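**Q** first chunk of the complex, coordinates as they sit in the assembly:
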Amino acid sequence: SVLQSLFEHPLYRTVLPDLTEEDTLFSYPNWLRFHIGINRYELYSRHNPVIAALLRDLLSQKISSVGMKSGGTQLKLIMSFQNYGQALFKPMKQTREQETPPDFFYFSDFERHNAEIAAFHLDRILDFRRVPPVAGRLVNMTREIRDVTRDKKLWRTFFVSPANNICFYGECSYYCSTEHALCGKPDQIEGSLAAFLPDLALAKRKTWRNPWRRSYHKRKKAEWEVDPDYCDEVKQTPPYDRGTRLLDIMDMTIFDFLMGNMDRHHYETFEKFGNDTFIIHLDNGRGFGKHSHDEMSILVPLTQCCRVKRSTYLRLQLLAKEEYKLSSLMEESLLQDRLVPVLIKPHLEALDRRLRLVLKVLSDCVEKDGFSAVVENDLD
């Protein structure tokens, strides 16, 4: 298919260096084989049928217990399975065709499973391998959420609406009230199960602030919103001139621009590797809210810093030729998810148009700083 052509092309057969005694973080159950496959450079690599098989486990392994991470932005549940592996559950807050209204600020946006699903597949198509796997799933919220929690703060919020439907809302801060409830028809809600990274006890994770963090207030603009030479100073700030880091943040901001996800207020790393490893692309629920509007604000880090990874630049050039192209390559996968169609056609169609903006931001920028200054080189 279109997806068969991509993973045979040599740009997706790039192999990583050999792993040392470090670089490891650490026929078992699938959630555990996923943890040990995590190394310094990626989160799973192209092969590894565990990732595909962990997606079947997230879909259909029996939910044994459900708990609620209290005091979050919106509702996120923790599902615990029969085989001791757990997962993060984000439920459906909006339909597929809906867009965030234009008068909403970026911090008033909902977290939607459509982005959670599409972000793992979008990330896997860019051969980043940084998003933990996510599967879509229909959950009988009587048999699989309400009746299998001993967390009465979540059980207490279940009621029956005048429509004889089962509803619930939990306890967060944004949109956890009766008027923002989640209601099945009559008792299934649908949502995204994101596989859980290893417990923080046996795998510490440093939490970083990213330098283009927006001003989570109205009227007050952020530092980069006023200073056009902001990137001349950021290439001389502590940890960001040592990697594989400026190179890795430009990777992520192209990831985010493709989805329109402007909520990248922090990014997490795996500690055991230091300032020179990959960035975990977590909590991607804010993307794919607008498909007829391209948010250039997210891209400003690319027009200001003007440099990409060569691995990721050459792949992007490939994903624009029609014989491969994101849209058909994106709808090709995401067809192996249960919540199909996880992206309505305008979101898949906007992925192509947003892609060619990244390629033009590089071409206008490659003819003002020259090659090599713009394009690194990891093809050796």
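**A** Received the coordinates, thanks. Residues are numbered from 1 along each chain as shown, chains lettered A, B, ... in the order given.
**Q** quick one, longest helix in chain A?
**A** When chain A is scanned for its longest helix (criterion: DSSP state H), the result is helix A:345-369.
**Q** quick check: buried residues in that one?
**A** Using 16 or more other Cβ atoms under 10 Å as the test for burial, helix A:345-369 gives A:347-352, A:354-355, A:358, A:361-362, A:365-366. (Each C-beta comes from the backbone N, C-alpha and C, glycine too.)
**Q** ok, stretch A:206-219 next?
**A** A:210-212, A:214.
**Q** can I assume residue A:171 is in contact with residue A:154?
**A** Yes: with contacts defined as Cβ atoms under 8 Å, residue A:171 counts as touching residue A:154 at a distance of 7.4 Å.
**Q** these two: which is more packed in?
**A** A direct count of neighbours by other Cβ atoms under 10 Å for residue A:171 and residue A:154 places residue A:154 higher, at 21 against 17.
**Q** go ahead and confirm that one touches residue A:66.
**A** Yes: distance between residue A:154 and residue A:66: 7.1 Å, which falls inside the contact criterion (Cβ under 8 Å).
**Q** and residue A:179, how many neighbours?
**A** By the measure other Cβ under 10 Å, the count of residues near residue A:179 is 6.
**Q** can I take it that it is in a helix?
**A** Yes: secondary structure assignment places residue A:179 in a helix (DSSP: H, G, I helix; E, B strand; the rest coil).
**Q** on that earlier part again, want to throw the buried residues of helix A:345-369 into TSV with distance to residue A:319?
**A** Converted to TSV, the buried residues of helix A:345-369 look like this (distance: Cβ to Cβ, whole Å):
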residue	distance to residue A:319
A:347	16
A:348	13
A:349	14
A:350	14
A:351	9
A:352	9
A:354	11
A:355	6
A:358	10
A:361	15
A:362	13
A:365	18
A:366	17
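**Q** and which of these is nearest residue A:102?
**A** Of all those, the one sitting nearest residue A:102 is residue A:350; the distance, using Cβ to Cβ, is 15.6 Å.
**Q** now the closest one: how far from residue A:330?
**A** Taking Cβ to Cβ, to the nearest Å as the measure, residue A:350 falls 11 Å from residue A:330.
**Q** ok, now residue A:12?
**A** Going from residue A:12 to residue A:330 by Cβ to Cβ gives 15 Å.
**Q** for those two, indicate the residue with more neighbours.
**A** Using other Cβ under 10 Å, the more surrounded residue of residue A:12 and residue A:330 is residue A:330, with 25 against 15.
**Q** residue contacts, the more buried one?
**A** Taking Cβ atoms under 8 Å, 6 or more residues apart in numbering as the criterion, residue A:330 is in contact with A:118, A:121-122, A:125, A:343, A:348, A:351.
**Q** over to residue A:179?
**A** Under the contact definition (Cβ under 8 Å, 6+ apart), no residues are listed for residue A:179.
**Q** thinking again about what came up before, okay, and the common contacts of residue A:154 and residue A:66?
**A** A:77, A:145.
**Q** before we move on, back to that, mind listing residues that contact the longest helix of chain A?
**A** Among residues not part of helix A:345-369, those counted as contacts by Cβ under 8 Å, 6+ apart are A:114, A:118, A:122, A:254, A:257-258, A:260, A:288, A:291-292, A:294, A:296, A:299, A:302-303, A:306-308, A:313, A:316-317, A:319-320, A:325-327, A:330-331, A:374-375.
**Q** in PyMOL, select just the buried ones from those residues.
**A** Applying 16+ other Cβ under 10 Å to the contacts of helix A:345-369 leaves a buried subset, and the PyMOL line that selects it is:
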select buried, chain A and resi 114+118+122+254+257+258+260+288+291+299+302+306+307+308+313+316+319+325+326+327+330+331+374+375
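**Q** then chain B, please:
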Amino acid sequence: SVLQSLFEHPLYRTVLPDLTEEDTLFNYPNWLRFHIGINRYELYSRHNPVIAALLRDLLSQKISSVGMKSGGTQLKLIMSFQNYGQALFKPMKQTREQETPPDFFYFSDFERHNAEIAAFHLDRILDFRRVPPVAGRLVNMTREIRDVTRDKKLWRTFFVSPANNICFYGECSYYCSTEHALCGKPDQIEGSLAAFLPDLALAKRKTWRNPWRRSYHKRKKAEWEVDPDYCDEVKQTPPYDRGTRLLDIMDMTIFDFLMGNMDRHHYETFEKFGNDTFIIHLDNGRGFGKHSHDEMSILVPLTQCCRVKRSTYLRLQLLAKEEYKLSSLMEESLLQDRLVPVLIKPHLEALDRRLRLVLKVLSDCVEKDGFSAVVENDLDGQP
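**A** Putting chain B together with the chains above:
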């Protein structure tokens, strides 16, 4: 009349649900009509003109016999009247101009009759209606304490001071000595007659520990004093996730901060109603000691729990509007006591300033958990 405007506002016309055969504790003298008026949700209601007339009894009823509560923290007397009803008497231990010393711990604080009275009016202005009625009264301590007691331990402590005044101190532990005696000029002492709750023979009261109870010694910090997420756990502990209970402690913990009463080590319930009734706001004598100082420790239950009642939030916002305001609304009623002024004016000024801290603590706290999580709604279906 600013007090007239308040009781016309719809926030003071809220009606309760219907009272069943339970919810009454029971199934004439003025003190007895107060007992039978106790129901599940309140202690008297705004209607009940008995309360106003019961305060007249505490002012002018003949004191027939006086006895001393053995083993109290400080001096506390029991007055029994001609009509067999009784009342609790706290004598004047501190003047109107005094403040508690800054180096005093909450457990070294004096209990003063001004607090007993002012807490009753402050509670009535907040439409809580949880404090038993209390009236101030001047007592001829010759004719009304010494010469009408059969308690040798209270009688033995009466003496005449070198200033030819009559003094006495009783037998407690804090401030029951000659050097802390209570002296009229020359034989009137003044104090607060707090009407008596029904006898415990026919009305059991369950006694609860409040979870923000301080560690009543120096050096030792309390449970909540180290853990800012203390109340995330208290809303998951038996009786505090079922009410109308976490919310009822928020009512009380806002009351205490307004008065500065940090000695709320326990609170009482009526049992005959179960875990689903109101909290009797008792023993408020430790409040109104400081008027140039705002004690934030008392408010910690609210900043940690971050949830209040909407009835009680809107009234708090209302009691800050200049056309209502604690100040004028408090000195209005408190002028109906014999001991006018029961509160010195900077204390009424401090009541206003302390209120705006509570309203800002809810505003700063409502913008981090949001409405619906912070403000529960009990005016659903009310004017």
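**Q** try the neighbour count of residue A:179 again now we have chain B.
**A** Number of residues near residue A:179 (other Cβ atoms under 10 Å in any protein chain shown) recorded here: 7.
**Q** quick one: contacts for the closest residue to chain B within chain A?
**A** Of all residues in chain A, residue A:177 sits closest to chain B, at 3.7 Å by Cβ to the nearest Cβ. Contact analysis of residue A:177 by Cβ atoms under 8 Å, 6 or more residues apart in numbering or on different chains lists A:169, B:371-373.
**Q** go on, residue A:214?
**A** Taking Cβ under 8 Å, 6+ apart as the contact definition, residue A:214 lies against A:106-107, A:222, A:262, A:265, A:297.
**Q** quick one: buried ones out of those residues?
**A** Burial by neighbour count, 16 or more other Cβ atoms under 10 Å in any protein chain shown: within the contacts of residue A:214 this picks out A:106-107, A:262.
**Q** ranges for the helices of chain A?
**A** Going by DSSP H, chain A shows helices at A:2-8, A:30-36, A:49-60, A:113-125, A:152-155, A:230-234, A:246-259, A:300-305, A:310-318, A:326-332, A:345-369.
**Q** okay if I get the ones you listed as JSON lines plus distance to chain B?
**A** Formatted as JSON lines, the entries for those read as follows, by distance: least, Cβ to the nearest Cβ, whole Å:
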{"stretch": "helix A:2-8", "distance to chain B": "43"}
{"stretch": "helix A:30-36", "distance to chain B": "28"}
{"stretch": "helix A:49-60", "distance to chain B": "29"}
{"stretch": "helix A:113-125", "distance to chain B": "22"}
{"stretch": "helix A:152-155", "distance to chain B": "7"}
{"stretch": "helix A:230-234", "distance to chain B": "30"}
{"stretch": "helix A:246-259", "distance to chain B": "26"}
{"stretch": "helix A:300-305", "distance to chain B": "29"}
{"stretch": "helix A:310-318", "distance to chain B": "39"}
{"stretch": "helix A:326-332", "distance to chain B": "35"}
{"stretch": "helix A:345-369", "distance to chain B": "29"}
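**Q** got the residues of the stretch 101-250 of chain A near chain B?
**A** Applying the criterion Cβ under 8 Å from any Cβ of the partner chain, the portion of the stretch 101-250 of chain A that neighbours chain B consists of A:152-153, A:171-174, A:176-178.
**Q** are any of those residues buried, and which?
**A** Under a neighbour-count criterion of 16+ other Cβ under 10 Å, the subset of these counted as buried comprises A:153, A:171-174, A:176.
**Q** what's the most distant pair in those residues?
**A** By the measure Cβ to Cβ, these have their two most distant members at A:153 and A:174, which lie 16.9 Å apart.
**Q** contact partners for residue A:379?
**A** With contact taken as Cβ under 8 Å, 6+ apart, residue A:379 is in contact with A:14, A:310-311, A:314.
**Q** try 6 Å
**A** When contacts are counted by Cβ atoms under 6 Å, 6 or more residues apart in numbering or on different chains, residue A:379 touches residue A:310.
**Q** residues near residue A:143, how many?
**A** Residue A:143: 12 surrounding residues under other Cβ under 10 Å.
**Q** count of residues packed around the closest residue to residue A:131 other than its chain neighbours?
**A** Counting by Cβ to Cβ, 6 or more residues apart in numbering or on different chains, residue A:123 is the residue found nearest to residue A:131 once chain neighbours are left out, at 4.1 Å. As a burial measure, the neighbour count of residue A:123 was computed by other Cβ under 10 Å and equals 24.
**Q** surely residue A:123 and residue A:129 touch.
**A** No: with contacts counted by Cβ atoms under 6 Å, residue A:123 stays clear of residue A:129, the gap being 7.3 Å.
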